[PDB]
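Below is one structure; the comments refer to it alone.
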Amino acid sequence: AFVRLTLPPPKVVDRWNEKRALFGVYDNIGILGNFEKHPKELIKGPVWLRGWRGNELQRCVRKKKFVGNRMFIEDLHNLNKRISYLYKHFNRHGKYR
Amino acid sequence: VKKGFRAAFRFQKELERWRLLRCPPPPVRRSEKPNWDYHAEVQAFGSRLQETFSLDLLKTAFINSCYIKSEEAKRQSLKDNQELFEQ
Amino acid sequence: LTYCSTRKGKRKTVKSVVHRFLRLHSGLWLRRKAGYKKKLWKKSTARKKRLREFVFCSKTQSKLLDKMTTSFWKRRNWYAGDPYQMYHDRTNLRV
Amino acid sequence: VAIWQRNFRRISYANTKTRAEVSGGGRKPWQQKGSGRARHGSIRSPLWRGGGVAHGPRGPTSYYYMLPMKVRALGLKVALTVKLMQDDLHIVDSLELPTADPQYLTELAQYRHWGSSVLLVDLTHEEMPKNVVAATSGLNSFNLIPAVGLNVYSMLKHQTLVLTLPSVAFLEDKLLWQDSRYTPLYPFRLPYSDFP
Amino acid sequence: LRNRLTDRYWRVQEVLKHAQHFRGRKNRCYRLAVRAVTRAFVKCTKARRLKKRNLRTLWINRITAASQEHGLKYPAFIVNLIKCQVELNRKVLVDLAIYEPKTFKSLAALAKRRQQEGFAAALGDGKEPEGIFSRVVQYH
Amino acid sequence: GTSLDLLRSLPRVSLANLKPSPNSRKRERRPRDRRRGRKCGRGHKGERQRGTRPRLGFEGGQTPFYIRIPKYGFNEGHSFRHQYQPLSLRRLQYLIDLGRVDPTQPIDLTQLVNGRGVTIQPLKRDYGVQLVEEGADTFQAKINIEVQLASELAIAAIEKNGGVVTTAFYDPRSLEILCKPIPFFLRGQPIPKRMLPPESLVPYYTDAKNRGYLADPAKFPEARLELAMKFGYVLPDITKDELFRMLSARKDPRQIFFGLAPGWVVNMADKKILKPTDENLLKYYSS
Amino acid sequence: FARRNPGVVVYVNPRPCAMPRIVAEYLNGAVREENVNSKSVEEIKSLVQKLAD
RNA sequence: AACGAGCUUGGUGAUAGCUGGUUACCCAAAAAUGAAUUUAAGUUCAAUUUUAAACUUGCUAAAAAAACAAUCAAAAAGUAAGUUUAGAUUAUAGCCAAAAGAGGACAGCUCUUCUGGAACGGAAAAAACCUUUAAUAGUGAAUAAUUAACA
RNA sequence: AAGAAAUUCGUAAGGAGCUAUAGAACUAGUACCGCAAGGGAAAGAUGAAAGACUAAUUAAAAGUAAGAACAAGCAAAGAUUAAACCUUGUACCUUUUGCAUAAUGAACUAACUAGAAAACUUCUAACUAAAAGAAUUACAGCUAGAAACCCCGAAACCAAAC
Ligand SMILES: [Mg+2]
Ligand SMILES: [Mg+2]
Ligand SMILES: [Mg+2]
Ligand SMILES: [Mg+2]
Ligand SMILES: [Mg+2]
Ligand SMILES: [Mg+2]
Ligand SMILES: [Mg+2]
Ligand SMILES: [Mg+2]
Ligand SMILES: [Mg+2]
Ligand SMILES: [Mg+2]
Ligand SMILES: [Mg+2]
Ligand SMILES: [Mg+2]
Ligand SMILES: [Mg+2]
Ligand SMILES: [Mg+2]
Ligand SMILES: [Mg+2]
Ligand SMILES: [Mg+2]
């Protein structure tokens, strides 16, 4: 194989930037705040998987439910095919029955 | 262009061996190299042989006429071992 | 068996089991004797007596049905006047 | 709790196309036999340069889970003791400072032997003194949070912890309520006979 | 390409560094070197327990040569030396012949005498005092 | 403590020092090594190794075991059978002992659930709580308990100690509000009427011996006395008892809560109760 | 160790470092260096005694 | 420019009980018999095997006596395993020697039953016969089968 | 295999992503290929200044050269004063029965290229006749964590264009 003939540039991480310093604050907003807000409400992400977890087939179906009607034609077609592939895998294949 | 700094580092040392071994540098006295104190090493020399030595006398033995002349010239720009050699 | 259903993503009960077997909460399964309604005119009286009974399932058969039914069919049911009230528990069994 | 404060938020956006989503690869490249080459049904397969990944990251993934309410509350109690016993917790009446100059706060920490990184907790965000607000904002290591925002991860990252007296009472009631309580008949936010 | 092996260079080096002295493409190609090296390691392991049997066969050749100079077959030399209660392994006997020829003659004569004594004992039946060297010391 | 003292000596706790509890995690075996690679645990070449073996319950082609047994009605009508979460007298006495039920006040399904004495799931066909005979001997408490189903011996324990036991029917809609009142008040809808029992349950709740709420008041005395003779105790005089009004308290057959009439609205935010003045609505609610 | 072997000059040079390293010099001029990264005191003590012998 | 029925795109990552492949170390235990199957290039169950747990007798042997060299088995003794419970597969074609039946109350041949084996040592040949309790460093040692026969 | 509803509940700029065989097919729907529908690439790398004669950087892949060969043999190992002579040794994988002198597959190098899910079980904790941040389960349970089930390949079938 081949390896670099020079050392790559040093990578410097500032561990006291604002994002890292205050990471985690308000994770106990509920228990310490009279349960006004559940901590799951603080997650920033796709609408269909805020405060939710599942396997890919479940993830595929959940993406369709929330934004199935606002998706592009090609993206929706690929999602439908992705669901049908996963369905036959998880429900008809695998070592265990 | 793969990730990481470590793979380059291991190879940089591989480059080190290639250059040094193919074109070795001229020998350098152990004094110039790190981890050298004259007095401590002199003490160990006597202990290693198991023979008690007079440290001051042993120091003069290692001194040579050539070394003195070079030092004096550098200073411009401490007794020899000749008597010990004869005895 | 549907291990992950499209609409909900859950396991699906096989209804062929729900219509043939009864599960007691301990883990036992009840069943009928195949043919207990068939050609009774040529079966001996002792033979017919055996068929009318309710029979238990083995460890393997019980294990199978537990894979083909969902937890809802494995819960506690507090039916008033249940004729299977006393049979949902095992007593004086050391094993 | 420390791992929880890492994972539940996590959402990963790494994604790789599969062999069907890759552009092209519809026609069969060549006949099975007669050419002396291996049998392929699409120029976009996992065995082909430019093909689709075999088992790669798919879509956005979520790592969301919540520990039980008592478990996460217990973590706060544990973290509080650890700082106290190791002489990292300092109890203060109020956060009032003589001057807003950040230099004073940094110098004071060294004089009192506090750690480089200090976490300051006040009862409520709205009432916090203006003098502290100016000083802490200019300082990276000295991070100021309100009482309700206390978390295990913050305490672990910060060497010393400064607690105001009212905040200690606030934390003491909240955590000690978690034990001696029933199991919620409802979501707690709904009206309760004896809960604020 | 999220994760790729950045140190595969040294993994190949481990196999290749054990193949330089070979001839042909096996000394430089990993697909070919690796197969060659395994056999080299296996033979090295199956030859650690063959130099302990050949080195003994070498000794028997040289002891057979040594005794024959003095007129004794190998079986007679070794057996009689033991029967005299003197225990010398086949490694020093070869050393003695090569570097101490005069001492070996003493061993050859001593082994020969016991052989004669053994022949006399069988030839002469009955209660007779055995040869001076025939006498066997006992340890309790 | 002594264990706490050790922590003081040890170095500062930080994010680097974190360790999972012993044996909490397991090694995840991957297929990259000889033991777990190559054939990768799937055996030789075959259907099960190609990943495409048949479904569960498929016995090779003979009629499967689960399909070859006669269908029987063990589970027929299960979703419509009535469930009563039973309550024993040991649990009742145990709850009263620890101060999680107020015996002086009348007891109902709401105050059982509030004190977590019982757990009720209306969505799973629960129709209330049935009192059970277990623990009668240890029961020495006088209490006015309302339970949808009662038993002969359970009644004896309540009556012998000088208590009132009544049985009332709550329909699926009524039960949900009874177990969980507060949210219903948050919905903003008016309180509903409580429907009478269906034909199947009419005989039970109109029977004097079962202490039915719709039962004839006149026949109670005789029924109690006959039970008193049967179990060898003398009927106590509740009227003489100081708390006769509380014990005798019984909600209207169309009432979910003792002190609230159908059709009212509760405003928790303003701390007020709103009652309709419309004659038409009053007619409907009064019914 | 220093007193037990008085013919072995011992240099200890604590520095900001990633791997602790022991360098052994013999009288014939041969050098030998062994990595001590994350080794307990028991391992080092046994390791050093091999070098002296 | 290969028509028993064109070609291109899409369905489509068609499906394949079939062929091929499936990437670090170390320690340990470890088998092609019975049943059903559009079944005999497959699967499922029994039997075997295995990881854990529970608690107590298990293996060889087993006198008399039965039912006739076995089916059964009591005191013993030599010895450490056996039963129950929970979880889980792969496997379901053998190969060769030596014994004994049974097919035409034959040898053979095809089956069936019991026994053994899978060297680096030996037997012109040499996975199957004979000597061989695991694997480790040593320029130690005693040995096994065998190294043909002298009728 | 499919699968409700009634009825409850809700105010909602970032990257433990890729970095030239990766990420889009893309420097481009271009070159090229097909009458047409249509299919479909590859690659680049100096410095602050080139109005400083385009840098660097590397025993580093296969392949060669420098330097053809010298009785004898899976090409090595034990060795040895000595490179070869002497002794020992039936390529690898898959595969067949647990055997190959078989039969498949590999000219060599670099990069890429195949095990994925939590019903039941085990292990680890929180609280405990109760556990769960609403609907769930309970005759010691309940909650949370960790722990699992691949890749490539037909002849075909249908729709719509050409
Ligand atoms: Mg496609
Ligand atoms: Mg096509
Ligand atoms: Mg295909
Ligand atoms: Mg791609
Ligand atoms: Mg896995
Ligand atoms: Mg059939
Ligand atoms: Mg319930
Ligand atoms: Mg068998
Ligand atoms: Mg078939
Ligand atoms: Mg088949
Ligand atoms: Mg590209
Ligand atoms: Mg491309
Ligand atoms: Mg080269
Ligand atoms: Mg040779
Ligand atoms: Mg080839
Ligand atoms: Mg396939």
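Here, A, B, ... name the chains of the structure tokens in the order displayed, residue numbers run from 1 inside each chain, and ligands are numbered from 1 in the same displayed order.
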
Chain E residues near chain I (6 Å cut-off, only C-alpha atoms (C1' of nucleotides)) as a PyMOL selection string: chain E and resi 1+40+43-44+47

Surroundings of ligand 2 up to 9 Å, based on only C-alpha atoms (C1' of nucleotides) and all ligand atoms, as a ChimeraX atom specification: /D:26-28 /H:8-10,12

Chain C residues near chain A (8 Å cut-off, only C-alpha atoms) as a VMD selection string: chain C and resid 1 to 9

Residue H:130 environment, 10 Å, only C-alpha atoms (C1' of nucleotides), sequence neighbours closer than 2 positions dropped, as number ranges by chain: H: 122-123, 145-146

Contacts to ligand 5 at 12 Å cut-off (only C-alpha atoms (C1' of nucleotides) and all ligand atoms) as a VMD selection string: (chain D and resid 55) or (chain F and resid 26 to 32 36 40) or (chain I and resid 115 to 117 147 to 150)

Interface, chain D side, toward chain I (6 Å; only C-alpha atoms (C1' of nucleotides)) as a PyMOL selection string: chain D and resi 13-14+39+47+49+67+71+186-187

Residue subset to file, keeping N, CA and C atoms, as a PDB file, in the first residue's frame:
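Result went into selection_10.pdb, see below:
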```pdb
ATOM      1  N   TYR D  13     -27.122  11.972  10.333  1.00  0.00           N
ATOM      2  CA  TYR D  13     -27.622  12.255   8.995  1.00  0.00           C
ATOM      3  C   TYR D  13     -26.793  11.586   7.905  1.00  0.00           C
ATOM      4  N   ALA D  14     -25.951  10.621   8.263  1.00  0.00           N
ATOM      5  CA  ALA D  14     -25.193   9.879   7.267  1.00  0.00           C
ATOM      6  C   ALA D  14     -26.111   8.951   6.479  1.00  0.00           C
ATOM      7  N   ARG D  39     -20.846 -13.320 -14.343  1.00  0.00           N
ATOM      8  CA  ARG D  39     -22.243 -13.024 -14.640  1.00  0.00           C
ATOM      9  C   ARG D  39     -22.717 -11.854 -13.788  1.00  0.00           C
ATOM     10  N   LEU D  47     -20.672  -4.965  -6.158  1.00  0.00           N
ATOM     11  CA  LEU D  47     -19.366  -5.422  -6.611  1.00  0.00           C
ATOM     12  C   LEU D  47     -18.762  -4.519  -7.676  1.00  0.00           C
ATOM     13  N   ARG D  49     -17.579  -0.671  -9.297  1.00  0.00           N
ATOM     14  CA  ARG D  49     -17.197   0.715  -9.068  1.00  0.00           C
ATOM     15  C   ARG D  49     -18.322   1.640  -9.512  1.00  0.00           C
ATOM     16  N   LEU D  67     -34.234   7.295  30.280  1.00  0.00           N
ATOM     17  CA  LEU D  67     -34.141   6.509  31.491  1.00  0.00           C
ATOM     18  C   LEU D  67     -35.345   6.796  32.381  1.00  0.00           C
ATOM     19  N   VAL D  71     -34.319   7.266  38.035  1.00  0.00           N
ATOM     20  CA  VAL D  71     -32.921   6.982  37.723  1.00  0.00           C
ATOM     21  C   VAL D  71     -32.169   8.272  37.419  1.00  0.00           C
ATOM     22  N   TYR D 186     -51.381  10.479  35.991  1.00  0.00           N
ATOM     23  CA  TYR D 186     -51.521  11.273  34.784  1.00  0.00           C
ATOM     24  C   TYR D 186     -50.136  11.719  34.328  1.00  0.00           C
ATOM     25  N   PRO D 187     -50.019  12.467  33.233  1.00  0.00           N
ATOM     26  CA  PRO D 187     -48.867  13.364  33.103  1.00  0.00           C
ATOM     27  C   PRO D 187     -48.886  14.369  34.249  1.00  0.00           C
TER      28      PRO D 187
END
```

Residues within 8 Å of stretch 43-51 of chain H, only C-alpha atoms (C1' of nucleotides), excluding chain neighbours under 5 positions, as a ChimeraX atom specification: /F:53-54,58-60 /H:29-31,33-35

Could the residues in this selection be written to a file with N, CA, C and O atoms (P, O5', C5', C4', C3', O3' and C1' of nucleotides), as a PDB file, in the first residue's frame?
```pdb
ATOM      1  N   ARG F  53     -35.651 -20.093   4.355  1.00  0.00           N
ATOM      2  CA  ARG F  53     -36.382 -21.248   4.853  1.00  0.00           C
ATOM      3  C   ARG F  53     -37.844 -20.882   5.101  1.00  0.00           C
ATOM      4  O   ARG F  53     -38.182 -19.709   5.265  1.00  0.00           O
ATOM      5  N   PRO F  54     -38.736 -21.876   5.146  1.00  0.00           N
ATOM      6  CA  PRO F  54     -40.174 -21.567   5.194  1.00  0.00           C
ATOM      7  C   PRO F  54     -40.615 -20.853   6.463  1.00  0.00           C
ATOM      8  O   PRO F  54     -39.804 -20.540   7.339  1.00  0.00           O
ATOM      9  N   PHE F  58     -44.716 -24.423   9.542  1.00  0.00           N
ATOM     10  CA  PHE F  58     -44.655 -25.237   8.336  1.00  0.00           C
ATOM     11  C   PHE F  58     -43.801 -26.467   8.620  1.00  0.00           C
ATOM     12  O   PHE F  58     -42.597 -26.348   8.868  1.00  0.00           O
ATOM     13  N   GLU F  59     -44.423 -27.648   8.578  1.00  0.00           N
ATOM     14  CA  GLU F  59     -43.785 -28.887   9.004  1.00  0.00           C
ATOM     15  C   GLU F  59     -43.275 -29.716   7.831  1.00  0.00           C
ATOM     16  O   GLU F  59     -43.246 -30.949   7.909  1.00  0.00           O
ATOM     17  N   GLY F  60     -42.874 -29.067   6.742  1.00  0.00           N
ATOM     18  CA  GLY F  60     -42.310 -29.737   5.594  1.00  0.00           C
ATOM     19  C   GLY F  60     -43.291 -30.001   4.471  1.00  0.00           C
ATOM     20  O   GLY F  60     -42.863 -30.183   3.328  1.00  0.00           O
TER      21      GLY F  60
ATOM     22  P     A H  29     -11.762 -29.170  25.236  1.00  0.00           P
ATOM     23  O5'   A H  29     -13.250 -29.708  25.067  1.00  0.00           O
ATOM     24  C5'   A H  29     -14.166 -29.676  26.151  1.00  0.00           C
ATOM     25  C4'   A H  29     -15.588 -29.520  25.677  1.00  0.00           C
ATOM     26  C3'   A H  29     -16.018 -30.429  24.539  1.00  0.00           C
ATOM     27  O3'   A H  29     -16.332 -31.743  24.965  1.00  0.00           O
ATOM     28  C1'   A H  29     -16.748 -28.224  24.106  1.00  0.00           C
ATOM     29  P     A H  30     -16.163 -32.979  23.951  1.00  0.00           P
ATOM     30  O5'   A H  30     -17.061 -32.571  22.702  1.00  0.00           O
ATOM     31  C5'   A H  30     -18.472 -32.703  22.741  1.00  0.00           C
ATOM     32  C4'   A H  30     -19.102 -32.216  21.463  1.00  0.00           C
ATOM     33  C3'   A H  30     -18.808 -33.045  20.223  1.00  0.00           C
ATOM     34  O3'   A H  30     -19.673 -34.159  20.111  1.00  0.00           O
ATOM     35  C1'   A H  30     -18.485 -30.745  19.744  1.00  0.00           C
ATOM     36  P     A H  31     -19.150 -35.559  19.524  1.00  0.00           P
ATOM     37  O5'   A H  31     -20.455 -36.176  18.857  1.00  0.00           O
ATOM     38  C5'   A H  31     -21.447 -35.322  18.299  1.00  0.00           C
ATOM     39  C4'   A H  31     -22.426 -36.078  17.437  1.00  0.00           C
ATOM     40  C3'   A H  31     -21.843 -37.257  16.654  1.00  0.00           C
ATOM     41  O3'   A H  31     -22.794 -38.321  16.599  1.00  0.00           O
ATOM     42  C1'   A H  31     -22.834 -35.732  15.158  1.00  0.00           C
ATOM     43  P     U H  33     -26.699 -42.589   9.227  1.00  0.00           P
ATOM     44  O5'   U H  33     -27.538 -43.108  10.478  1.00  0.00           O
ATOM     45  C5'   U H  33     -28.677 -43.938  10.310  1.00  0.00           C
ATOM     46  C4'   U H  33     -29.375 -44.176  11.625  1.00  0.00           C
ATOM     47  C3'   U H  33     -30.885 -43.976  11.623  1.00  0.00           C
ATOM     48  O3'   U H  33     -31.593 -45.122  11.180  1.00  0.00           O
ATOM     49  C1'   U H  33     -29.942 -42.786  13.434  1.00  0.00           C
ATOM     50  P     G H  34     -32.832 -44.969  10.169  1.00  0.00           P
ATOM     51  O5'   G H  34     -34.041 -44.531  11.108  1.00  0.00           O
ATOM     52  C5'   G H  34     -34.613 -45.447  12.028  1.00  0.00           C
ATOM     53  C4'   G H  34     -35.742 -44.821  12.804  1.00  0.00           C
ATOM     54  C3'   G H  34     -36.828 -44.153  11.981  1.00  0.00           C
ATOM     55  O3'   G H  34     -37.751 -45.072  11.427  1.00  0.00           O
ATOM     56  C1'   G H  34     -36.216 -42.740  13.770  1.00  0.00           C
ATOM     57  P     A H  35     -38.424 -44.776  10.000  1.00  0.00           P
ATOM     58  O5'   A H  35     -39.424 -43.572  10.294  1.00  0.00           O
ATOM     59  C5'   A H  35     -40.441 -43.703  11.274  1.00  0.00           C
ATOM     60  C4'   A H  35     -41.270 -42.450  11.391  1.00  0.00           C
ATOM     61  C3'   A H  35     -41.766 -41.853  10.086  1.00  0.00           C
ATOM     62  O3'   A H  35     -42.900 -42.531   9.574  1.00  0.00           O
ATOM     63  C1'   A H  35     -40.937 -40.137  11.499  1.00  0.00           C
TER      64        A H  35
END
```

Surrounding residues as a PyMOL selection string, ligand 4, max 8 Å, only C-alpha atoms (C1' of nucleotides) and all ligand atoms: (chain D and resi 16-17+22+50-53) or (chain I and resi 22-24)

If the limit is 8 Å from any atom of ligand 7, counting only C-alpha atoms (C1' of nucleotides) and all ligand atoms, which residues qualify? Return them as an mmCIF file with C-alpha atoms, in the first residue's frame.
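Output saved as selection.cif:
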```
data_model
loop_
_atom_site.group_PDB
_atom_site.id
_atom_site.type_symbol
_atom_site.label_atom_id
_atom_site.label_comp_id
_atom_site.auth_asym_id
_atom_site.auth_seq_id
_atom_site.Cartn_x
_atom_site.Cartn_y
_atom_site.Cartn_z
ATOM 1 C CA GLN F 85 -60.404 -5.934 38.796
ATOM 2 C CA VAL F 118 -56.512 -0.593 42.655
ATOM 3 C CA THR F 119 -55.466 -0.173 39.028
ATOM 4 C CA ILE F 120 -58.230 0.023 36.418
ATOM 5 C CA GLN F 121 -57.995 -0.038 32.616
ATOM 6 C CA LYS F 124 -59.359 -3.335 28.460
ATOM 7 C CA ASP F 126 -62.735 -3.308 33.017
#
```

Shell of 8 Å around stretch 52-67 of chain C, only C-alpha atoms (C1' of nucleotides), local chain residues under 3 positions omitted, as a PyMOL selection string: (chain C and resi 17+27-33+36+48-49+70) or (chain F and resi 57) or (chain I and resi 119-120)

Within 9 Å of ligand 9 (only C-alpha atoms (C1' of nucleotides) and all ligand atoms), residues as a PyMOL selection string: chain H and resi 37-40+42

Take the residues from that selection and write them out as a PDB file, in the first residue's frame, keeping C-alpha atoms (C1' of nucleotides).
```pdb
ATOM      1  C1'   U H  37     -43.576 -34.329   3.536  1.00  0.00           C
ATOM      2  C1'   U H  38     -45.219 -33.161  -4.943  1.00  0.00           C
ATOM      3  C1'   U H  39     -40.731 -35.925   0.004  1.00  0.00           C
ATOM      4  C1'   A H  40     -35.608 -38.292  -1.286  1.00  0.00           C
ATOM      5  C1'   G H  42     -35.465 -29.258   0.962  1.00  0.00           C
TER       6        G H  42
END
```

Filtered DSSP result for chain C, state strand (DSSP E), as a list in words: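 Taking chain C and keeping strand (DSSP E) gives residues 22, 23, 29, 30, 31, 55 and 56 of chain C.
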